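Peer 1: The structure is given below, and queries will be raised subsequently.
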Number of protein chains: 2
Amino acid sequence: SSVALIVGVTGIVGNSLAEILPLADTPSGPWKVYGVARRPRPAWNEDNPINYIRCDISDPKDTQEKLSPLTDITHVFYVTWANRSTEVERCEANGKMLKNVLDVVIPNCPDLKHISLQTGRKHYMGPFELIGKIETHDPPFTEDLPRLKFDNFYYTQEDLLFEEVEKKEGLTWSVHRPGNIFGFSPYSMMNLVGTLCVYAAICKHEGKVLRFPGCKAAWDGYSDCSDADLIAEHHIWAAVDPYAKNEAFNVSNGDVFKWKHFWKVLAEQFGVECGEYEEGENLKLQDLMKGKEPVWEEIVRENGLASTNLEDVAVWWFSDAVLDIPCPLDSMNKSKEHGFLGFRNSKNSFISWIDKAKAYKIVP
Amino acid sequence: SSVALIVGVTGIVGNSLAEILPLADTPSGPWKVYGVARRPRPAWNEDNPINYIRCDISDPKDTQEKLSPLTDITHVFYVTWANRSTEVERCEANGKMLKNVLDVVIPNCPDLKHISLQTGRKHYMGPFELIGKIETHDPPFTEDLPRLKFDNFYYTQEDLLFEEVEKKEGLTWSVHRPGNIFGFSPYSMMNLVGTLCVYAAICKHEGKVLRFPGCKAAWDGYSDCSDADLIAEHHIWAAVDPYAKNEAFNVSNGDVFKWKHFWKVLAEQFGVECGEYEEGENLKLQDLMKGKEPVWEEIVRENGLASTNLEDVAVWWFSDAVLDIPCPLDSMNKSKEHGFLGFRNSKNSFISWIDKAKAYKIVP
Ligand SMILES: NC(=O)c1ccc[n+]([C@@H]2O[C@H](COP(=O)([O-])OP(=O)(O)OC[C@H]3O[C@@H](n4cnc5c(N)ncnc54)[C@H](OP(=O)(O)O)[C@@H]3O)[C@@H](O)[C@H]2O)c1
Ligand SMILES: NC(=O)c1ccc[n+]([C@@H]2O[C@H](COP(=O)([O-])OP(=O)(O)OC[C@H]3O[C@@H](n4cnc5c(N)ncnc54)[C@H](OP(=O)(O)O)[C@@H]3O)[C@@H](O)[C@H]2O)c1
Ligand SMILES: CC(C)=CCC/C(C)=C/C=O
Ligand SMILES: CC(C)=CCC/C(C)=C/C=O
Ligand SMILES: [Cl-]
Ligand SMILES: [Cl-]
Ligand code: NA
Ligand code: NA
Ligand code: NA
Ligand code: NA
């Protein structure tokens with residue numbers, strides 16, 4: 001029997017794993033699923049048949065208490081993180097979180113077969129506060145070239161993971177490195193689509209132009225992204241395919257796009273006039289959206305939306321961090337050469353995730 | 001039974017179709033193959049079991065004479081063209097060539113099922129003498145948006161093809177739009193790999209640096225390419241899959257690269273010092289390689305190579321035309337959404353095609 005532990009079940013990838021693992025056509029099914037997060041289970045996560053567990057994995061005692069009874073786990077899908085002001089502190093916090101889970105699950109789960117760890121493109125680009133400031137490898141990024149000579153919590157986590165699997169014979173691992181994720185999760189710390197939807201809804205309410213809050217390279221250079229359901233499929237594939245064992249893999253959609261084009265799509269989905277990149281404006285959502293909580297309460301009330309806090313559904317700092325830089329591309333050759341041929345049409349994916357935020361009444 | 005007519009059998013895609021169609025694992029096999037070209041069959045095309053036919057398809061009488069007895073043809077793969085000083089003349093010449101073939105094959109082949117026409121990315125970029133001078137659609141290019149408002153022999157050929165298929169019930173068509181092709185054919189009019197190999201061999205012989213004869217955007221912007229075997233697979237797939245009928249499709253490798261990286265690969269394969277793009281040098285192979293015929297004869301003699309004419313094996317004007325422009329990307333979403341999941345790792349493909357030119361003793 002296959003028994004999953006999703007660490008971060010209400011996250012942008014955790015929520016996609018929660019929906020896909022229990023499906024009839026999922027490989028190695030039928031899957032039993034445990035899902036971990038700290039907050040009470042939100043309404044938009046209820047449409048999935050998972051065993052929800054409240055647990056703060058930064059707390060070793062809580063991790064011991066909540067996870068030690070789950071002796072039937074066969075596959076761990078680790079899809080969470082903690083943000084801090086410096087990468088050094090991110091290494092400390094994130095290493096402890098992964099260590100707390102693995103130290104409990106490995107000795108208590110005799111049928112444990114695989115640990116899948118989600119990291120991301122900052123493995124190649126560097127930490128948030130070094131992006132654009134350091135020499136990186138030239139894109140498109142490939143998986144197995146040397147690491148940057150700077151601390152990175154993904155390196156800390158990979159090294160801990162490799163040491164942890166040594167504790168159990170036959171225990172394999174995988175690493176998954178998405179770019180910017182397009183998905184659904186009103187609780188995610190990094191949700192570009194959800195944040196852009198809230199910005200578009202505020203522009204619509206105020207009768208304002210959907211101005212582009214980003215740089216020229218993000219507007220008309222190439223970009224890519226990683227669909228959350230495709231990432232969930234990629235975690236499942238690496239967890240069950242023996243030819244994918246003990247490898248790190250990028251996971252992006254298999255196409256490229258330009259924000260100059262997707263901006264028209266976003267504007268059309270909210271009935272707003274589409275703006276365009278303007279040289280010298282240096283527009284930031286974190287600044288434009290300051291003090292917009294009463295406007296959000298009004299949009300929620302007038303449109304019969306689910307009651308959300310603006311700071312949870314719109315992570316302005318993250319949208320600015322994405323859109324204020326060029327988007328270096330990555331390579332899907334290693335995944336495809338290992339037999340993973342999943343892809344997504346990114347424009348159709350963007351519309352799908354905008355429409356899911358509308359379907360769950362998060363935005364109008 | 002499946003019976004192919006390859007129009008341009010010694011070409012860069014024709015030679016790949018000649019090798020792949022007769023294979024045991026090819027869909028709709030066993031294939032009987034007729035291959036057409038004007039010149040006597042060259043030695044490097046003999047390792048394939050095809051029925052070689054000498055025919056100049058610009059001559060209606062020769063086309064009537066050579067093709068009317070081939071009553072068993074079921075699938076036409078059209079992979080040839082004629083170059084002229086203007087696109088207007090290319091429309092005239094290329095339209096007549098395709099018309100001469102189809103006017104004979106359609107009424108004489110009662111079991112004719114499909115016509116596959118190869119065109120290319122200039123459908124979106126414009127003719128050679130307009131590239132960079134006109135407004136095009138923004139990349140990545142997709143297949144079914146309006147044509148440019150300039151003459152293009154691909155438009156002439158598509159329109160002729162659509163009118164021709166009306167002559168026979170159930171006759172379907174496909175169009176295939178590669179980018180720059182990586183393949184093998186010492187007779188091809190557009191062979192980037194073969195030409196770069198000859199340039200590298202001349203640099204090695206002369207003890208010179210492999211300088212980059214192209215622009216900054218070609219050096220460190222993104223590029224893509226189309227592997228000739230993948231294009232041949234794409235022609236076969238569209239010719240046999242009923243869900244691909246009556247559609248135009250791009251065909252590129254599914255990855256991107258930079259010439260800054262591939263230049264190191266090319267240099268390593270010929271044991272030459274690798275040069276780099278130099279601002280202000282504006283290097284052209286058509287100029288650098290002027291008068292190099294005696295040097296080529298010497299390399300051929302010293303390395304026991306097949307006897308080739310420098311102007312046939314190295315199409316300098318074409319390498320300059322490719323490398324002196326940015327490479328706009330295209331999209332493989334329509335092909336993948338129709339079930340074609342073939343891809344190639346472009347770096348491995350480049351090495352494979354360099355090594356095939358070495359294996360047939362075209363270059364050292
Ligand atoms: N999202 C993107 O665009 C993106 C892009 C590339 C890479 N990545 C990488 O993907 C990895 C996973 O992040 P994600 O974006 O998928 O996460 P996410 O959407 O922010 O979800 C995090 C999940 O973990 C839970 N969680 C947070 N802290 C926890 C703790 N201490 N104990 C238990 N549960 C906890 C959250 O719920 P509670 O708050 O209720 O606990 C939520 O369920 C990270 O390495 C991230 O950098 C993400
Ligand atoms: N090669 C590339 O990089 C590239 C890239 C994108 C698109 N394309 C497009 O692909 C299409 C096909 O070109 P290709 O590059 O595959 O061709 P190619 O490699 O130049 O081969 C042409 C073939 O057709 C034969 N041929 C030429 N004129 C003929 C005639 N009048 N009658 C009979 N046979 C004739 C040639 O042999 P003989 O000379 O012995 O007759 C050769 O076998 C064109 O539309 C081209 O623009 C090519
Ligand atoms: C830190 C800055 C200026 C940009 C970050 C780009 C990005 C969204 C990376 C990983 O998430
Ligand atoms: C005409 C110029 C300057 C570049 C042509 C680029 C290219 C190789 C297109 C199609 O074959
Ligand atoms: Cl990341
Ligand atoms: Cl072309
Ligand atoms: Na686009
Ligand atoms: Na999707
Ligand atoms: Na490259
Ligand atoms: Na190949």
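Letters for chains follow the order of the structure tokens (A, B, ...), residue numbers begin at 1 for each chain, and ligand numbers begin at 1 in the order shown.
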How would you report the residues lying within 7 Å of ligand 8, as a PyMOL selection string, if you count only C-alpha atoms and all ligand atoms?

Peer 2: chain A and resi 227+229-230+344+349+352

Peer 1: Go ahead and save the picked residues with N, CA and C atoms, as a CSV table (one decimal), in the first residue's frame.

Peer 2:
```csv
chain,number,residue,atom,x,y,z
A,227,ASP,N,4.1,24.9,-13.3
A,227,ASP,CA,2.7,24.6,-12.9
A,227,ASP,C,2.7,23.7,-11.7
A,229,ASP,N,0.5,21.6,-10.5
A,229,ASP,CA,0.0,20.2,-10.7
A,229,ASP,C,1.2,19.5,-11.4
A,230,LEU,N,1.9,20.1,-12.4
A,230,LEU,CA,3.0,19.4,-13.1
A,230,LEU,C,4.1,19.1,-12.0
A,344,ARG,N,3.3,21.7,-19.6
A,344,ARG,CA,2.1,22.5,-19.6
A,344,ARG,C,2.3,23.6,-20.5
A,349,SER,N,-2.2,27.4,-18.5
A,349,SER,CA,-2.0,27.2,-17.1
A,349,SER,C,-2.3,28.5,-16.3
A,352,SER,N,-6.0,28.9,-16.1
A,352,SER,CA,-6.5,27.8,-15.2
A,352,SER,C,-6.4,28.2,-13.7
```

Peer 1: With a distance threshold of 10 Å and counting only C-alpha atoms, extract the residues of chain B near chain A and express them as a PDB file with N, CA and C atoms, in the first residue's frame.

Peer 2:
```
ATOM      1  N   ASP B 138       5.608  38.700 -31.751  1.00  0.00           N
ATOM      2  CA  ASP B 138       6.594  38.536 -30.698  1.00  0.00           C
ATOM      3  C   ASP B 138       6.807  37.038 -30.451  1.00  0.00           C
ATOM      4  N   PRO B 139       8.082  36.602 -30.347  1.00  0.00           N
ATOM      5  CA  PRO B 139       8.349  35.198 -30.000  1.00  0.00           C
ATOM      6  C   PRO B 139       7.895  34.897 -28.564  1.00  0.00           C
ATOM      7  N   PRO B 140       7.675  33.608 -28.221  1.00  0.00           N
ATOM      8  CA  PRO B 140       7.871  32.415 -29.066  1.00  0.00           C
ATOM      9  C   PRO B 140       6.800  32.276 -30.138  1.00  0.00           C
ATOM     10  N   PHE B 141       7.224  31.943 -31.358  1.00  0.00           N
ATOM     11  CA  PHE B 141       6.229  31.834 -32.417  1.00  0.00           C
ATOM     12  C   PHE B 141       5.332  30.608 -32.275  1.00  0.00           C
ATOM     13  N   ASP B 220      25.446  35.373 -26.947  1.00  0.00           N
ATOM     14  CA  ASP B 220      24.995  35.124 -25.592  1.00  0.00           C
ATOM     15  C   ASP B 220      23.501  35.356 -25.356  1.00  0.00           C
ATOM     16  N   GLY B 221      22.717  35.503 -26.426  1.00  0.00           N
ATOM     17  CA  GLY B 221      21.271  35.401 -26.265  1.00  0.00           C
ATOM     18  C   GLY B 221      20.908  33.918 -26.378  1.00  0.00           C
ATOM     19  N   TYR B 222      19.631  33.575 -26.153  1.00  0.00           N
ATOM     20  CA  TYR B 222      19.247  32.179 -26.327  1.00  0.00           C
ATOM     21  C   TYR B 222      19.073  31.845 -27.793  1.00  0.00           C
ATOM     22  N   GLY B 254      13.093  21.253 -28.152  1.00  0.00           N
ATOM     23  CA  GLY B 254      12.552  21.216 -26.793  1.00  0.00           C
ATOM     24  C   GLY B 254      13.490  21.779 -25.742  1.00  0.00           C
ATOM     25  N   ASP B 255      14.615  22.369 -26.170  1.00  0.00           N
ATOM     26  CA  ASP B 255      15.539  23.031 -25.254  1.00  0.00           C
ATOM     27  C   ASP B 255      16.079  24.279 -25.912  1.00  0.00           C
ATOM     28  N   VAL B 256      16.914  25.017 -25.158  1.00  0.00           N
ATOM     29  CA  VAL B 256      17.586  26.182 -25.699  1.00  0.00           C
ATOM     30  C   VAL B 256      19.058  26.062 -25.387  1.00  0.00           C
ATOM     31  N   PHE B 257      19.872  26.853 -26.067  1.00  0.00           N
ATOM     32  CA  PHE B 257      21.311  26.859 -25.779  1.00  0.00           C
ATOM     33  C   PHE B 257      21.881  28.232 -26.101  1.00  0.00           C
ATOM     34  N   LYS B 258      23.189  28.397 -25.839  1.00  0.00           N
ATOM     35  CA  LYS B 258      23.895  29.598 -26.243  1.00  0.00           C
ATOM     36  C   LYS B 258      25.081  29.208 -27.108  1.00  0.00           C
ATOM     37  N   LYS B 260      27.772  30.738 -27.185  1.00  0.00           N
ATOM     38  CA  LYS B 260      28.957  30.938 -26.315  1.00  0.00           C
ATOM     39  C   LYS B 260      29.376  29.570 -25.740  1.00  0.00           C
ATOM     40  N   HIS B 261      28.388  28.698 -25.416  1.00  0.00           N
ATOM     41  CA  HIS B 261      28.687  27.363 -24.877  1.00  0.00           C
ATOM     42  C   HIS B 261      29.037  26.384 -26.031  1.00  0.00           C
ATOM     43  N   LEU B 329      12.775  32.400 -30.538  1.00  0.00           N
ATOM     44  CA  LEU B 329      12.359  31.033 -30.221  1.00  0.00           C
ATOM     45  C   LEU B 329      10.981  30.721 -30.741  1.00  0.00           C
ATOM     46  N   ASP B 330      10.676  29.403 -30.839  1.00  0.00           N
ATOM     47  CA  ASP B 330       9.320  29.029 -31.219  1.00  0.00           C
ATOM     48  C   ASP B 330       8.730  28.140 -30.124  1.00  0.00           C
ATOM     49  N   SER B 331       7.454  27.793 -30.299  1.00  0.00           N
ATOM     50  CA  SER B 331       6.744  26.988 -29.323  1.00  0.00           C
ATOM     51  C   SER B 331       6.492  25.575 -29.844  1.00  0.00           C
ATOM     52  N   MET B 332       6.680  24.562 -28.984  1.00  0.00           N
ATOM     53  CA  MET B 332       6.322  23.174 -29.322  1.00  0.00           C
ATOM     54  C   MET B 332       4.989  22.773 -28.657  1.00  0.00           C
ATOM     55  N   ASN B 333       4.237  23.726 -28.097  1.00  0.00           N
ATOM     56  CA  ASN B 333       2.982  23.327 -27.457  1.00  0.00           C
ATOM     57  C   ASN B 333       2.017  22.657 -28.416  1.00  0.00           C
ATOM     58  N   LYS B 334       1.838  23.190 -29.641  1.00  0.00           N
ATOM     59  CA  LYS B 334       0.824  22.536 -30.506  1.00  0.00           C
ATOM     60  C   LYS B 334       1.215  21.079 -30.842  1.00  0.00           C
ATOM     61  N   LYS B 336       3.126  19.023 -29.027  1.00  0.00           N
ATOM     62  CA  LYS B 336       2.969  18.197 -27.821  1.00  0.00           C
ATOM     63  C   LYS B 336       1.497  17.949 -27.490  1.00  0.00           C
ATOM     64  N   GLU B 337       0.645  18.978 -27.648  1.00  0.00           N
ATOM     65  CA  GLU B 337      -0.800  18.837 -27.362  1.00  0.00           C
ATOM     66  C   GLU B 337      -1.456  17.838 -28.340  1.00  0.00           C
ATOM     67  N   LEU B 341       5.761  13.913 -28.612  1.00  0.00           N
ATOM     68  CA  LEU B 341       6.620  14.222 -27.472  1.00  0.00           C
ATOM     69  C   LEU B 341       8.099  13.998 -27.764  1.00  0.00           C
ATOM     70  N   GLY B 342       8.473  13.917 -29.034  1.00  0.00           N
ATOM     71  CA  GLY B 342       9.881  13.745 -29.366  1.00  0.00           C
ATOM     72  C   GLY B 342      10.657  14.996 -29.023  1.00  0.00           C
ATOM     73  N   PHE B 343      11.918  14.825 -28.618  1.00  0.00           N
ATOM     74  CA  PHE B 343      12.778  15.962 -28.283  1.00  0.00           C
ATOM     75  C   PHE B 343      14.211  15.534 -28.560  1.00  0.00           C
ATOM     76  N   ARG B 344      15.141  16.496 -28.518  1.00  0.00           N
ATOM     77  CA  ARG B 344      16.555  16.171 -28.499  1.00  0.00           C
ATOM     78  C   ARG B 344      17.264  17.121 -27.575  1.00  0.00           C
ATOM     79  N   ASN B 345      18.274  16.592 -26.881  1.00  0.00           N
ATOM     80  CA  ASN B 345      19.230  17.410 -26.128  1.00  0.00           C
ATOM     81  C   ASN B 345      20.130  18.030 -27.221  1.00  0.00           C
ATOM     82  N   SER B 346      20.044  19.358 -27.388  1.00  0.00           N
ATOM     83  CA  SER B 346      20.749  20.015 -28.503  1.00  0.00           C
ATOM     84  C   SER B 346      22.267  19.902 -28.455  1.00  0.00           C
TER      85      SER B 346
END
```

Peer 1: Within 9 Å of region 167-169 of chain A, counting only C-alpha atoms, which residues qualify if same-chain residues fewer than 2 places away don't, as a PyMOL selection string?

Peer 2: chain A and resi 106-107+110+112+163-165+171-172

Peer 1: Between A:115, A:265, A:240, A:315, which one has atoms that come closest to ligand 7, using only C-alpha atoms and all ligand atoms?

Peer 2: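 Going through A:115, A:265, A:240, A:315 one by one, the smallest distance to ligand 7 is for A:265.
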
Peer 1: Skip residue 108 (chain B) itself and residues of its chain fewer than 2 positions away, then list as a compact mmCIF listing (two decimals) with N, CA, C and O atoms, in the first residue's frame all residues within 10 Å of it, counting only C-alpha atoms.

Peer 2:
```txt
# COMPACT_ATOMS: atom_id res chain seq x y z
N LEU B 67 8.08 10.44 -62.42
CA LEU B 67 7.15 10.15 -61.31
C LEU B 67 5.87 9.43 -61.71
O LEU B 67 5.35 8.70 -60.88
N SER B 68 5.37 9.60 -62.95
CA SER B 68 4.14 8.91 -63.38
C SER B 68 4.18 7.36 -63.24
O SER B 68 3.13 6.81 -62.89
N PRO B 69 5.33 6.64 -63.37
CA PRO B 69 5.30 5.18 -63.15
C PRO B 69 5.18 4.74 -61.69
O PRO B 69 4.96 3.55 -61.45
N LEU B 70 5.35 5.66 -60.71
CA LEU B 70 5.34 5.32 -59.29
C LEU B 70 3.92 5.40 -58.72
O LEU B 70 3.60 6.22 -57.84
N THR B 71 3.07 4.53 -59.24
CA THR B 71 1.64 4.46 -58.93
C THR B 71 1.33 3.95 -57.53
O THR B 71 0.18 4.07 -57.09
N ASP B 72 2.33 3.37 -56.83
CA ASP B 72 2.12 2.79 -55.50
C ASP B 72 2.36 3.77 -54.33
O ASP B 72 2.09 3.40 -53.18
N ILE B 73 2.85 5.02 -54.61
CA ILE B 73 3.11 6.00 -53.54
C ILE B 73 1.87 6.19 -52.64
O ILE B 73 0.76 6.41 -53.14
N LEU B 102 3.04 17.52 -57.39
CA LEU B 102 1.67 17.20 -57.00
C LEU B 102 0.75 17.00 -58.18
O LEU B 102 -0.11 16.12 -58.13
N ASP B 103 0.95 17.75 -59.27
CA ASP B 103 0.11 17.55 -60.48
C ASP B 103 0.25 16.18 -61.11
O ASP B 103 -0.68 15.74 -61.79
N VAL B 104 1.41 15.53 -60.91
CA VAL B 104 1.71 14.20 -61.44
C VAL B 104 1.32 13.12 -60.43
O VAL B 104 0.58 12.19 -60.76
N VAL B 105 1.78 13.25 -59.17
CA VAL B 105 1.53 12.22 -58.17
C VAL B 105 0.04 12.05 -57.82
O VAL B 105 -0.42 10.91 -57.75
N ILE B 106 -0.71 13.13 -57.62
CA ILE B 106 -2.10 13.00 -57.17
C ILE B 106 -2.97 12.13 -58.12
O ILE B 106 -3.48 11.10 -57.68
N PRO B 110 -3.45 6.14 -56.85
CA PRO B 110 -4.78 5.98 -56.24
C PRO B 110 -4.81 5.74 -54.72
O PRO B 110 -5.85 5.96 -54.12
N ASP B 111 -3.68 5.28 -54.12
CA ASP B 111 -3.62 5.01 -52.68
C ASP B 111 -2.89 6.13 -51.93
O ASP B 111 -2.51 5.93 -50.77
N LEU B 112 -2.75 7.33 -52.57
CA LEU B 112 -2.07 8.47 -51.94
C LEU B 112 -2.89 8.94 -50.76
O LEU B 112 -4.09 9.19 -50.90
```

Peer 1: Show which residues sit within 7 Å of residue 2 (chain A), as number ranges by chain. Count only C-alpha atoms, and ignore same-chain residues fewer than 4 positions away.

Peer 2: A: 28-32, 74

Peer 1: Please run DSSP on the backbone and report, as an NGL selection string, all residues within region 194-312 of chain B that come out as helix (DSSP H, G or I).

Peer 2: :B and (194-206 or 216-220 or 228-240 or 242-244 or 259-270 or 285-288 or 293-302 or 310-312)

Peer 1: Residues contacting ligand 5 - anything with an atom at most 7 Å away, using only C-alpha atoms and all ligand atoms - can you give me those as a list in words?

Peer 2: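 Those residues are residues 119, 120, 121, 122, 123, 178 and 179 of chain A.
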
Peer 1: Using only C-alpha atoms and all ligand atoms, which residues of the polymer chains come no farther than 9 Å from ligand 3? I'd like the answer as an NGL selection string.

Peer 2: :A and (120-122 or 125-132 or 179-180 or 190 or 192 or 318-327)

Peer 1: Mind writing the picked residues with N, CA, C and O atoms as a short mmCIF file (atom, residue, chain, number, x, y, z; two decimals), in the first residue's frame?

Peer 2:
```cif
data_model
loop_
_atom_site.label_atom_id
_atom_site.label_comp_id
_atom_site.auth_asym_id
_atom_site.auth_seq_id
_atom_site.Cartn_x
_atom_site.Cartn_y
_atom_site.Cartn_z
N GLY A 120 14.41 24.67 -5.52
CA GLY A 120 14.02 25.63 -6.54
C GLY A 120 15.21 26.20 -7.29
O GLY A 120 16.36 25.85 -7.01
N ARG A 121 14.91 27.12 -8.23
CA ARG A 121 15.93 27.71 -9.13
C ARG A 121 16.94 28.57 -8.40
O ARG A 121 18.03 28.81 -8.96
N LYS A 122 16.64 28.99 -7.15
CA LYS A 122 17.66 29.74 -6.41
C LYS A 122 18.87 28.85 -6.06
O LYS A 122 19.91 29.36 -5.63
N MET A 125 20.59 30.49 -8.95
CA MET A 125 20.57 31.95 -8.97
C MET A 125 21.15 32.61 -7.73
O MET A 125 21.54 33.79 -7.79
N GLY A 126 21.11 31.88 -6.62
CA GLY A 126 21.55 32.39 -5.33
C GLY A 126 20.38 32.80 -4.46
O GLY A 126 19.23 32.94 -4.91
N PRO A 127 20.67 33.05 -3.19
CA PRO A 127 19.61 33.50 -2.25
C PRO A 127 18.98 34.82 -2.68
O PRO A 127 19.57 35.57 -3.46
N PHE A 128 17.78 35.14 -2.12
CA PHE A 128 17.09 36.37 -2.51
C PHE A 128 18.01 37.59 -2.48
O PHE A 128 17.97 38.39 -3.41
N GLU A 129 18.81 37.76 -1.43
CA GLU A 129 19.59 38.97 -1.26
C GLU A 129 20.89 38.99 -2.06
O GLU A 129 21.65 39.95 -1.96
N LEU A 130 21.13 37.90 -2.86
CA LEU A 130 22.28 37.88 -3.75
C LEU A 130 21.86 37.80 -5.21
O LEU A 130 22.72 37.90 -6.06
N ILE A 131 20.57 37.58 -5.52
CA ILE A 131 20.19 37.52 -6.95
C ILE A 131 20.61 38.82 -7.64
O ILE A 131 20.37 39.91 -7.12
N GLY A 132 21.27 38.68 -8.79
CA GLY A 132 21.72 39.81 -9.61
C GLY A 132 23.02 40.42 -9.17
O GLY A 132 23.51 41.35 -9.82
N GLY A 179 10.91 26.69 -10.95
CA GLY A 179 11.02 28.14 -11.05
C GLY A 179 9.80 28.75 -10.36
O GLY A 179 9.19 28.13 -9.46
N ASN A 180 9.37 29.93 -10.80
CA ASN A 180 8.21 30.59 -10.17
C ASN A 180 6.98 29.72 -10.38
O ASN A 180 6.74 29.31 -11.51
N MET A 190 4.71 32.31 -1.39
CA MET A 190 5.26 32.68 -2.70
C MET A 190 4.21 32.30 -3.74
O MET A 190 4.30 31.23 -4.33
N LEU A 192 2.63 33.86 -6.97
CA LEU A 192 2.61 34.94 -7.95
C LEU A 192 1.22 35.13 -8.55
O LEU A 192 0.73 36.27 -8.63
N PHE A 318 7.05 39.35 -2.88
CA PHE A 318 7.43 38.24 -3.75
C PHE A 318 7.13 38.56 -5.19
O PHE A 318 7.99 38.32 -6.05
N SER A 319 5.95 39.17 -5.47
CA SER A 319 5.68 39.58 -6.85
C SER A 319 6.76 40.60 -7.29
O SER A 319 7.30 40.48 -8.40
N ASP A 320 7.12 41.55 -6.42
CA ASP A 320 8.16 42.51 -6.79
C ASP A 320 9.49 41.80 -7.02
O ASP A 320 10.22 42.12 -7.97
N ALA A 321 9.82 40.84 -6.15
CA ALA A 321 11.09 40.13 -6.30
C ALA A 321 11.18 39.38 -7.61
O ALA A 321 12.25 39.36 -8.20
N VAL A 322 10.07 38.81 -8.10
CA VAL A 322 10.02 38.07 -9.37
C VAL A 322 10.12 39.04 -10.53
O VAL A 322 10.85 38.78 -11.48
N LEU A 323 9.26 40.05 -10.54
CA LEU A 323 9.10 40.90 -11.71
C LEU A 323 10.20 41.93 -11.85
O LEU A 323 10.29 42.54 -12.91
N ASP A 324 11.03 42.14 -10.82
CA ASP A 324 12.09 43.15 -10.91
C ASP A 324 13.42 42.59 -11.42
O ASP A 324 14.44 43.31 -11.43
N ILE A 325 13.42 41.31 -11.87
CA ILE A 325 14.63 40.68 -12.38
C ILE A 325 14.40 40.00 -13.72
O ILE A 325 13.27 39.57 -14.01
N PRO A 326 15.46 39.79 -14.53
CA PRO A 326 15.31 38.91 -15.69
C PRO A 326 15.06 37.48 -15.17
O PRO A 326 15.49 37.12 -14.06
N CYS A 327 14.38 36.66 -15.99
CA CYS A 327 14.06 35.28 -15.63
C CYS A 327 15.00 34.33 -16.38
O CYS A 327 14.68 33.97 -17.51
#
```

Peer 1: Suppose you want the space between CA of residue 204 (chain B) and CA of residue 217 (chain B); what is it in Å?

Peer 2: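 Between CA of residue 204 (chain B) and CA of residue 217 (chain B) the gap works out to 26.1 Å.
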
Peer 1: Please, which residues have at least one atom within 6 Å of an atom of ligand 2, using only C-alpha atoms and all ligand atoms, listed as an MDAnalysis selection string?

Peer 2: chainID B and resid 8:13 36:39 55:58 79:82 118:120 178:181 188:191

Peer 1: Of the candidates B:65, B:87, B:276, B:355, which one gets nearest to ligand 4 if we count only C-alpha atoms and all ligand atoms?

Peer 2: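 Ranked by minimum distance to ligand 4, first place goes to B:87.
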
Peer 1: Check the DSSP output for the backbone and give back, as a VMD selection string, the residues of region 33-203 of chain B in strand (DSSP E or B).

Peer 2: chain B and resid 33 to 37 51 to 54 75 to 78 114 to 118 141 172 to 178 181 to 182

Peer 1: Can you work out the spacing between CA of residue 113 (chain A) and CA of residue 225 (chain A) in Å, to one decimal?

Peer 2: 29.6 Å

Peer 1: Take CA of residue 308 (chain A) and CA of residue 17 (chain A) and report the distance between them in Å, one decimal.

Peer 2: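 We find that CA of residue 308 (chain A) and CA of residue 17 (chain A) lie 23.1 Å from each other.
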
Peer 1: So that I can check the surroundings of residue 361 (chain A), please list as a VMD selection string every protein, DNA and RNA residue that reaches within 12 Å of it, counting only C-alpha atoms and ignoring chain neighbours fewer than 3 positions away.

Peer 2: chain A and resid 43 to 44 186 194 197 to 198 299 to 308 313 354 to 358 364

Peer 1: Write out as a PyMOL selection string the residues lying within 10 Å of residue 234 (chain A), counting only C-alpha atoms and excluding same-chain residues fewer than 4 positions away.

Peer 2: chain A and resi 116+176+228-230+238-239+249-252+335+340-342

Peer 1: Closest to residue 64 (chain B) among B:91, B:283, B:99, B:52, using only C-alpha atoms?

Peer 2: B:99

Peer 1: Using only C-alpha atoms and all ligand atoms, find the one residue out of B:183, B:214, B:291, B:242 that sits nearest to ligand 10.

Peer 2: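 Of B:183, B:214, B:291, B:242, the one nearest ligand 10, counting only C-alpha atoms and all ligand atoms, is B:183.
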